[PDB]
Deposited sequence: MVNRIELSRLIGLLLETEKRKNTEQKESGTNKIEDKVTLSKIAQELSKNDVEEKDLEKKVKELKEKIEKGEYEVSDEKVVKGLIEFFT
């Protein structure tokens, strides 16, 4: 599944007849379903928020142009 299934799904994708766009939309959806099957996104989200808020109120949080630059560049490029 989390390997065997993906390889099989990619195989169906790269084989396109069978009417591409239609079939592929489903195959692509299945690939997406496999990649986000065990999703429990928030790992330390709640703690990170608290730690950050507590640090901002304690006046212990540095806002630098470097970090903002790293943020934007990493996100867009």
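Participant: No C-alpha coordinates means not modelled. Give me those stretches of the deposited sequence in order.
Facilitator: 1, 18-27 are the stretches of the deposited chain that have no C-alpha coordinates in the structure.
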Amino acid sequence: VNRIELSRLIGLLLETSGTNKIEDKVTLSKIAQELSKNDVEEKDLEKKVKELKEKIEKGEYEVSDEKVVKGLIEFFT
From here on, numbers count along this sequence of modelled residues.
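Participant: For the stretches 29-37 and 44-52, which has the higher mean C-alpha B-factor as given in the deposited record?
Facilitator: According to the entry, 44-52 carries the higher average C-alpha B-factor.
Participant: Going by the B-factors listed in the PDB entry, is the mean over the C-alpha atoms higher for 6-14 or for 54-62?
Facilitator: According to the PDB entry, the answer is 54-62.
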